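Here is the structure we will look at, set down as structure tokens.
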Amino acid sequence: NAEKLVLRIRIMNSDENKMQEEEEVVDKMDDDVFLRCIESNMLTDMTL
Amino acid sequence: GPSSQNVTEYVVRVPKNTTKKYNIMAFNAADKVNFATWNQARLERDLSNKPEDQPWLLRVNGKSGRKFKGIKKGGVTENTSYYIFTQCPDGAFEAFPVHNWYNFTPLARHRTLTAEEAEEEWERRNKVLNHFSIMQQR
Amino acid sequence: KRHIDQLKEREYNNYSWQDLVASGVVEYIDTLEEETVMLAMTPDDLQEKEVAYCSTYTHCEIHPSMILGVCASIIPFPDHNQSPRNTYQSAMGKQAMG
Amino acid sequence: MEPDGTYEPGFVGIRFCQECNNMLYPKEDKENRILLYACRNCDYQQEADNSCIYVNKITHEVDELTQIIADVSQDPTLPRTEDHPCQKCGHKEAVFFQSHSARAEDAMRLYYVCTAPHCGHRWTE
Amino acid sequence: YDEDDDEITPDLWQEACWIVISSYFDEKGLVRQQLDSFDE
Ligand SMILES: [Zn+2]
Ligand SMILES: [Zn+2]
């Protein structure tokens, strides 16, 4: 019933070890890029 | 003002000879270079090509104070000659021929990414995720 | 119409087609130019204003028969005839003895 | 907050790096809790002018009313209309057409451009 | 006549173009183009 249908999402950063816990100089995943990987995946993969 | 009122007339000469060849040295306006900051300059033909065709190498304020590379334009008198017009104390104008056009551009200092030690290989593995760390490892 | 009389003068004296080209009353035209020109079918009817849906015409055909080839030019009123028969004639004309 | 507003934030497609004219890239300052923009090849970096850094799925607007200089009006093969008043200049000779493109425009509706000097206006009715 | 002011034959006749047509073939010919490629 709103002015427009919008859906805003977040990654579930579960407080604990998801905070540079073991370094692993790899950068497990940058945020910015990860929003794009999900969105790339979100549009292209999911069949509702 | 005089830009909107003054009316003058001056004589023009085109001498069949000069004591020095005249060239154009062009800069990008977007850089807005302060020529006052140029305490000194060195100017030499570029060494990559190892003469008259050689691109210029301009070193201002020392070897690494400021450095530009000048690349010759394709043509300068292919259809129309270019002249330098200079004002003389007698008010008369003097015209000088443009021999050549060189394009001058700015040049980053020390940085050095080899892109040959393993970076050509690393690209094959690249996930676009890192780039800084290789620069420290050198 | 006087230029026609010049064309008539050419039978004896001279008035070259090139001069007609030099006259610039006609020009030679490619398909790229055709995309931009407003071509006319006929001088007569199209110059009429009474029913001028358009009058922005830029050029006109010499004659619609100019589309035709050597073979099609032989058979009269091809449009009162079924179209392939003409292609068959165009082939068969080539097949004729003479 | 009402179903009568619109979303024209004026997205910032790009900003060149003053050190190299290369594109600046978003980044967070998790220490200052602020968005920043940086170039990769150099150390040049600068704060962001807005929280919005991205937009997606396009073309739901009237493109055909844009990207059309009135100079089309000089084409004689484009029909004038007897319909007067250049939405600006009090003169007829409005040039008209559909969208005539890719969306080729199921919109078969005429779009009007006056050809009269001193207006250049592109509209439709 | 030519007064260089008006067209005295706005009904320039359809048949005159045939005078124009014969003049085309009189100059240009038919297979002329084939020679032109070879000649240049
Ligand atoms: Zn930069
Ligand atoms: Zn107008």
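Convention: chains lettered A, B, ... in structure tokens order; per-chain residue numbering from 1; ligands numbered from 1 as shown.
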
**Q.** Surrounding residues of region 21-37 of chain A excluding itself and chain neighbours under 4 positions, 9 Å, only C-alpha atoms, as an MDAnalysis selection string
**A.** (chainID A and resid 10:11 16:17 41:42) or (chainID B and resid 128:130) or (chainID D and resid 26:27)

With only C-alpha atoms as the counted atoms, please give the residues lying no more than 12 Å from residue 62 (chain C), apart from itself and same-chain residues fewer than 3 positions off, as a CSV table (one decimal) with C-alpha atoms, in the first residue's frame.
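selection_23.csv written:
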chain,number,residue,atom,x,y,z
C,25,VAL,CA,18.7,20.2,-64.4
C,26,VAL,CA,19.2,16.5,-63.9
C,27,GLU,CA,21.7,14.7,-61.7
C,28,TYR,CA,23.1,11.2,-61.3
C,39,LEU,CA,11.5,11.3,-55.1
C,40,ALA,CA,8.6,12.2,-57.5
C,41,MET,CA,6.8,9.6,-59.6
C,42,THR,CA,5.6,12.0,-62.3
C,43,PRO,CA,6.1,15.7,-63.1
C,59,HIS,CA,13.6,14.8,-57.6
C,65,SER,CA,10.2,1.9,-67.4
C,66,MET,CA,13.8,2.7,-66.5
C,67,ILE,CA,13.6,0.1,-63.8
E,14,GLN,CA,6.0,13.8,-71.4
E,15,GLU,CA,7.3,12.8,-74.9
E,16,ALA,CA,10.1,15.5,-74.7
E,17,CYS,CA,11.8,13.3,-72.1
E,18,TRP,CA,12.2,10.8,-75.0
E,19,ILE,CA,14.2,13.4,-76.8
E,20,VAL,CA,16.1,13.5,-73.5
E,21,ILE,CA,16.2,9.7,-73.5
E,24,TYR,CA,21.3,9.7,-73.2

Q. Would you name the residues within 7 Å of ligand 2, counting only C-alpha atoms and all ligand atoms, and put them as an NGL selection string?
A. :D and (85-89 or 91 or 94 or 114-121)

Q: Residues within 12 Å of ligand 1, counting only C-alpha atoms and all ligand atoms: report them as an MDAnalysis selection string.
A: (chainID B and resid 108) or (chainID D and resid 15:25 37:46)

Keeping only N, CA and C atoms, write those residues as an mmCIF file, in the first residue's frame.
data_model
loop_
_atom_site.group_PDB
_atom_site.id
_atom_site.type_symbol
_atom_site.label_atom_id
_atom_site.label_comp_id
_atom_site.auth_asym_id
_atom_site.auth_seq_id
_atom_site.Cartn_x
_atom_site.Cartn_y
_atom_site.Cartn_z
ATOM 1 N N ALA B 108 53.583 10.782 -14.530
ATOM 2 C CA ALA B 108 53.638 10.362 -13.138
ATOM 3 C C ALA B 108 55.075 10.033 -12.753
ATOM 4 N N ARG D 15 33.128 10.696 -11.229
ATOM 5 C CA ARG D 15 33.985 11.839 -10.953
ATOM 6 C C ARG D 15 35.436 11.432 -11.191
ATOM 7 N N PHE D 16 36.119 12.174 -12.054
ATOM 8 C CA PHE D 16 37.488 11.833 -12.419
ATOM 9 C C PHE D 16 38.460 12.195 -11.305
ATOM 10 N N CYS D 17 39.532 11.420 -11.192
ATOM 11 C CA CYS D 17 40.600 11.732 -10.254
ATOM 12 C C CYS D 17 41.445 12.899 -10.741
ATOM 13 N N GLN D 18 41.630 13.899 -9.888
ATOM 14 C CA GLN D 18 42.395 15.084 -10.259
ATOM 15 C C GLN D 18 43.866 14.773 -10.537
ATOM 16 N N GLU D 19 44.299 13.564 -10.190
ATOM 17 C CA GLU D 19 45.705 13.192 -10.315
ATOM 18 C C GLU D 19 45.950 12.436 -11.618
ATOM 19 N N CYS D 20 44.874 12.015 -12.274
ATOM 20 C CA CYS D 20 45.000 11.103 -13.403
ATOM 21 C C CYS D 20 43.748 11.001 -14.268
ATOM 22 N N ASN D 21 42.714 11.763 -13.912
ATOM 23 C CA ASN D 21 41.442 11.771 -14.641
ATOM 24 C C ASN D 21 40.753 10.408 -14.639
ATOM 25 N N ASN D 22 41.247 9.495 -13.804
ATOM 26 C CA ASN D 22 40.621 8.191 -13.654
ATOM 27 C C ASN D 22 39.431 8.259 -12.699
ATOM 28 N N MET D 23 38.556 7.260 -12.768
ATOM 29 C CA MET D 23 37.355 7.243 -11.939
ATOM 30 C C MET D 23 37.662 7.044 -10.457
ATOM 31 N N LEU D 24 36.946 7.784 -9.614
ATOM 32 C CA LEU D 24 37.036 7.609 -8.170
ATOM 33 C C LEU D 24 36.072 6.512 -7.737
ATOM 34 N N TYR D 25 36.461 5.764 -6.713
ATOM 35 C CA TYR D 25 35.717 4.584 -6.287
ATOM 36 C C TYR D 25 35.170 4.727 -4.883
ATOM 37 N N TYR D 37 35.413 8.709 -1.527
ATOM 38 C CA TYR D 37 35.703 8.276 -2.886
ATOM 39 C C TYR D 37 37.202 8.292 -3.199
ATOM 40 N N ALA D 38 37.726 7.174 -3.702
ATOM 41 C CA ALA D 38 39.158 7.055 -4.007
ATOM 42 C C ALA D 38 39.492 6.562 -5.420
ATOM 43 N N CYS D 39 40.615 7.034 -5.957
ATOM 44 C CA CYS D 39 41.200 6.448 -7.163
ATOM 45 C C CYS D 39 42.098 5.272 -6.779
ATOM 46 N N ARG D 40 42.166 4.261 -7.642
ATOM 47 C CA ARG D 40 42.989 3.083 -7.374
ATOM 48 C C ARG D 40 44.479 3.301 -7.645
ATOM 49 N N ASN D 41 44.807 3.780 -8.841
ATOM 50 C CA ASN D 41 46.200 3.910 -9.264
ATOM 51 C C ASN D 41 47.013 4.877 -8.402
ATOM 52 N N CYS D 42 46.324 5.811 -7.754
ATOM 53 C CA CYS D 42 46.983 6.800 -6.907
ATOM 54 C C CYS D 42 46.341 6.886 -5.527
ATOM 55 N N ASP D 43 46.943 7.689 -4.656
ATOM 56 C CA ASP D 43 46.458 7.850 -3.290
ATOM 57 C C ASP D 43 45.353 8.897 -3.151
ATOM 58 N N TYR D 44 44.898 9.458 -4.267
ATOM 59 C CA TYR D 44 43.888 10.515 -4.211
ATOM 60 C C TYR D 44 42.527 10.002 -3.754
ATOM 61 N N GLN D 45 41.984 10.651 -2.731
ATOM 62 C CA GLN D 45 40.690 10.275 -2.184
ATOM 63 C C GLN D 45 39.937 11.452 -1.561
ATOM 64 N N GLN D 46 38.611 11.401 -1.625
ATOM 65 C CA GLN D 46 37.768 12.551 -1.321
ATOM 66 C C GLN D 46 36.404 12.037 -0.863
#

Q) Which polymer residues have any atom within 12 Å of an atom of residue 102 (chain D), counting only C-alpha atoms, with same-chain residues fewer than 6 positions away left out, as a list in words? A)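 After dropping sequence-adjacent residues, the list is residues 59, 63 and 64 of chain D.
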
(Q) Can you measure CA of residue 17 (chain C) to CA of residue 70 (chain C) for me? One decimal in Å is fine. (A) 21.9 Å

Q: Please provide the set of residues having any atom within 10 Å of residue 72 (chain D), restricted to only C-alpha atoms, with same-chain residues fewer than 6 positions apart removed, written as a PyMOL selection string.
A: chain D and resi 78+95+113+115

Grab the residues selected above and save them as an mmCIF file, in the first residue's frame with N, CA and C atoms.
data_model
loop_
_atom_site.group_PDB
_atom_site.id
_atom_site.type_symbol
_atom_site.label_atom_id
_atom_site.label_comp_id
_atom_site.auth_asym_id
_atom_site.auth_seq_id
_atom_site.Cartn_x
_atom_site.Cartn_y
_atom_site.Cartn_z
ATOM 1 N N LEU D 78 10.031 15.191 -43.904
ATOM 2 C CA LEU D 78 9.274 15.192 -42.661
ATOM 3 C C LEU D 78 8.121 16.182 -42.783
ATOM 4 N N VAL D 95 6.682 20.334 -36.737
ATOM 5 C CA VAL D 95 7.061 19.065 -37.339
ATOM 6 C C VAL D 95 6.621 17.943 -36.423
ATOM 7 N N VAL D 113 7.429 19.027 -33.031
ATOM 8 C CA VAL D 113 8.584 19.916 -33.011
ATOM 9 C C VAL D 113 8.302 21.088 -33.945
ATOM 10 N N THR D 115 9.093 24.031 -36.461
ATOM 11 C CA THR D 115 10.217 24.294 -37.361
ATOM 12 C C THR D 115 10.467 25.783 -37.499
#

Compile a residue-level contact table for chain A against chain D at a cut-off of 8 Å, reporting for every qualifying residue the shortest atom pair and its distance in Å to one decimal, with only C-alpha atoms counted, rows ordered by chain and ascending number, as CSV.
residue,atom,partner,partner_atom,distance
A:2,CA,D:3,CA,6.9
A:3,CA,D:3,CA,4.0
A:4,CA,D:3,CA,7.4

Q.
At a cut-off of 12 Å, using only C-alpha atoms, what residues contact residue 5 (chain C)? Leave out same-chain residues fewer than 2 positions from it and give the result as a list in words.
A.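 Listing them by chain and then by number gives residues 1, 2, 3, 7, 8, 9, 10, 11, 12, 13, 14 and 15 of chain C; 1, 2, 12, 16, 17, 19, 20 and 23 of chain E.
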
Q: One decimal, Å: what's the distance from CA of residue 77 (chain B) over to CA of residue 97 (chain B), could you say?
A: 9.9 Å
